Amino acid sequence: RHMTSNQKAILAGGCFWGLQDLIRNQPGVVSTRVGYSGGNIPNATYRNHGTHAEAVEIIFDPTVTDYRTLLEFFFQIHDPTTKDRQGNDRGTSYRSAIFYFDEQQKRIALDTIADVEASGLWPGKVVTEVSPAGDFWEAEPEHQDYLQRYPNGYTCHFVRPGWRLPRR
């Protein structure tokens, strides 16, 4: 409806509790929710989500932050070099993915991955999936805002200050 309408991203990078808890406090992030996306079956749940990834849908204000900045933070908080695993969480549920809503997001995602790789600062090849966004199945209430409600809960996400691009 206008040039600076809020924009949306869906990112997957492991256990969704940790990904949400870090992203939610980023500048320009208006709202977040966790869920299941990128897979096959409809009406996905924690117990039954097939090939879906645990993911975070992010609504953001493009005059306060931008898609590139959010992706740079994403690559700073999860290890994007492990296939179908994040830390000790193993399986396709935990894979690294960027689900793009438009061609610009696709291009920015690929450009960001190229810069990450060229930096040599990350531990290996980036294995992040870049795929068009589809259905996003909102997770159950108990998984929403989990580390806000239970701050000593499990997480293996954290900021790596050295996983940073000085320039693009």
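Here the Cβ is made from the backbone with ideal geometry for all residues, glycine too, and neighbour counts use every protein chain on show. No value in this document is a laboratory result; all are computed from the given coordinates.
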Identify, please: which residue in segment 130-150 is in contact (Cβ under 8 Å) with a residue 40 or more places away in the chain, farther than 26 Å from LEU110 by Cα and of a type outside the set (S, T, N, Q) and is, among those, surrounded by the fewest Cβ atoms within 10 Å (Cβ to Cβ)?
-> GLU140
Restricting segment 58-70 to residues that are touching a strand residue (DSSP E or B) at 6+ places or on another chain (Cβ under 9 Å) and touching a residue at least 60 places away in the same chain (Cβ under 8 Å), the residue that is farthest from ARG47 (Cα to Cα) = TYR67
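Taking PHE99 as the residue in question, decide whether it is within 12 Å of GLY13 (Cβ to Cβ) and either exposed (fewer than 14 other Cβ atoms within 10 Å of the Cβ) or among the aromatic types (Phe, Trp, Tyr) (or both).
For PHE99, the condition - within 12 Å of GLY13 (Cβ to Cβ) and either exposed (fewer than 14 other Cβ atoms within 10 Å of the Cβ) or among the aromatic types (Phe, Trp, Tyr) (or both) - is met.
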Qualifying residue in segment 5-17 (condition: more than 21 Å from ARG149 (Cα to Cα), of a type in the set (D, E, K, R), part of a loop (DSSP other than H, G, I, E, B) and over 11 Å from the mean Cα position of the chain (by Cα)) | no
How do the pairs read when you match residues in segment 102-129 that are in contact (Cβ under 8 Å) with a residue 60 or more places away in the chain with residues anywhere that are surrounded by 17 or more Cβ atoms within 10 Å (Cβ to Cβ) and of a type in the set (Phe, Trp, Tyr), using Cβ under 7 Å and keeping only pairs 6 or more apart or on different chains?
-> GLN105/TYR67
Qualifying positions in segment 140-168 - within 17 Å of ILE23 (Cα to Cα), in a helix (DSSP H, G or I) and of a type in the set (D, E, K, R) | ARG149
Of those in segment 18-40 that are assigned to a loop (DSSP other than H, G, I, E, B) and within 17 Å of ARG95 (Cα to Cα), the residue farthest from the chain's Cα centre (by Cα) is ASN40
Failed item in (1) part of a loop (DSSP other than H, G, I, E, B); (2) closer than 29 Å to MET3 by Cβ; (3) of a type in the set (D, E, K, R), with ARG68 passing the rest = (1)
All conditions in (1) in contact with a helix residue (DSSP H, G or I) (Cβ under 8 Å, 6 or more places away or on another chain); (2) of a type outside the set (D, E, K, R); (3) part of a loop (DSSP other than H, G, I, E, B) are true of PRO62 except (1)
Which residues, taken from segment 48-57, are assigned to a loop (DSSP other than H, G, I, E, B) and in contact (Cβ under 8 Å) with a residue 60 or more places away in the chain?
-> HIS49, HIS52
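Quick check on segment 35-46. Is at least one of its residues in contact (Cβ under 8 Å) with a residue 12 or more places away in the chain, touching a helix residue (DSSP H, G or I) at 6+ places or on another chain (Cβ under 7 Å) and crowded, with 16+ Cβ neighbours inside 10 Å?
No, segment 35-46 contains no residue that is in contact (Cβ under 8 Å) with a residue 12 or more places away in the chain, touching a helix residue (DSSP H, G or I) at 6+ places or on another chain (Cβ under 7 Å) and crowded, with 16+ Cβ neighbours inside 10 Å.
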Scan segment 71-94 residue by residue and report those that are touching a residue at least 40 places away in the same chain (Cβ under 8 Å), assigned to a loop (DSSP other than H, G, I, E, B) and within 13 Å of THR128 (Cα to Cα).
-> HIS78, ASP79, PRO80, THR81, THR82, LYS83
